[PDB]
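# Summary of structural features
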Amino acid sequence: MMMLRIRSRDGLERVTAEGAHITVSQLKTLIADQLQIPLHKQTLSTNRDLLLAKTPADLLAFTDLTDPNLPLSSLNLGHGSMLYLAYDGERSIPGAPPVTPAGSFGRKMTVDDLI
Amino acid sequence: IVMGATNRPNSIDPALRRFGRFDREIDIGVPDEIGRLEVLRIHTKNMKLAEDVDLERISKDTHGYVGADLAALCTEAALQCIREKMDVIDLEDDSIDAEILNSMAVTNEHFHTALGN
Amino acid sequence: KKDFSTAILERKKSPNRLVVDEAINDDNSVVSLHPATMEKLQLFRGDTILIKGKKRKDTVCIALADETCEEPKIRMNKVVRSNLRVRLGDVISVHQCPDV
């Protein structure tokens, strides 16, 4: 059991895996089965600039984690580690707490304001 | 049929008590002990309350109370019961525990405190 | 027993709310906690958290760690604390923001 953080353009998520003994292919399969992200869109990396790309070819250019054959143990991943996942399209990450809009304090109405 | 309503019949227009206009006058006075007991039994039918409730003692202790004041007393008892449980309920969480919501019941002590207040 | 006539005003202890005091780092979007707080909250390095303050005000800040920080304190700098409309010695809740 190991918890790995997944950073994307939409924000941050987390995934629980069996351990670092699996490879990138198993990690991608688990991501598909848990976050419901299709395999053809998932691209993994360790650099923070992966999410700064705007083309799937550019995402695949970061081959430090693109290849599914590479074992996860060789990357020294651990509890609370950081990974970057890029995928086509924009999604809304679940679990968002309610946030009040700016300036919405003191809605003091008046009779003149009503008029 | 015309049914008036007032508080002091002296303050009404003296010409309205002539024969034919308002010839029947009824005095809804302050209830006695049995009246207060019946009013309380009517008002506390919907509230949750423990078996310890002693409505006879509350009826005897209340003197000079009318129906409205007894309704206010029952409301005060319920509010006191909620306020005593307030020490464990957190206002920041709108998800009040279901068992907590069903573990609140008014007893005799809350009624006595509300009567005192 | 206790006097319950004023039983609403007082706060209730929770592992989700801490106390606000001064810090060292002076970046506009950083706040320094203690690693035990992250362990209790299941938070990790570089996570961006949501801070909720007085009069329904809230902001987003990056939480880092240091051993100097105490577990029941948050070590909030002056700028963020001014944005939260709070002062040292008050209670501030903490949550996590999934959507950056």
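As named in the PDB entry, chain C is Cell division control protein 48 homolog A, taken from Arabidopsis thaliana.

Going by the annotation in the PDB entry, the name recorded for chain B is Cell division control protein 48 homolog A, with Arabidopsis thaliana given as the source organism.

### What to know about the interface of chain B and chain C
On the side of chain C, eight residues touch chain B, which itself brings eight residues to the contact. Of the roughly 690 Å² buried between chain B and chain C, counting both surfaces, carbon and sulfur atoms make up 58%. Taken together, chain B and chain C are joined by zero residue pairs in polar contact. Along the lines of polarity and charge, the residues of the side of chain B that touches chain C split into three nonpolar, no polar and five charged.

### Remarks on the pattern of salt bridges
Summed over the entire model, instances satisfying the criterion amount to ten salt bridges over all chains. For the salt bridge of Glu56 of chain B with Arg41 of chain B, the shortest nitrogen-to-oxygen distance reads 4.0 Å. Residue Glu56 of chain B is found in helix α2 (residues 55–61), and its partner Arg41 of chain B is found in helix α1 (residues 33–43); the two are separated by 15 residues along the sequence. Residue class for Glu56 of chain B comes out partly exposed when judged on its relative accessible area of 33%. Judged by its relative accessible area of 40%, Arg41 of chain B falls in the partly exposed class. Salt-bridge contacts for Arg81 of chain C lead to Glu22 of chain C; the nearest nitrogen and oxygen are separated by 2.4 Å. Placement of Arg81 of chain C in helix α2 (residues 78–83) and of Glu22 of chain C in the loop between β1 (17–19) and β2 (30–33) is noted, with a sequence separation of 59 residues between them. With relative accessibility at 2%, the residue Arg81 of chain C sits in the buried group.

Parameters and conventions
- Residues numbered from 1 in each chain as written, not as in the entry; some residues may be left out.
- Chains lettered and ligands numbered in written order.
- Part of a larger assembly, values for the part shown.
- Heavy atoms only, no water.
- Contact = heavy atoms within 4.5 Å.
- Buried area = accessible area lost by both parts, 1.4 Å probe.
- Polar contact = N/O pair within 3.5 Å; in protein donor to acceptor, adjacent residues only side chain to side chain.
- Nonpolar A, V, L, I, M, F, W, Y, C, P; charged D, E, K, R; others polar.
- Salt bridge = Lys/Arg side-chain N within 4 Å of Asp/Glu carboxyl O.
- Helix = DSSP H or I, 4+ residues; strand = E, 2+ residues; numbered from the N terminus.
- Buried < 20%, exposed > 50% of the residue type's maximum accessible area, 1.4 Å probe, protein only.

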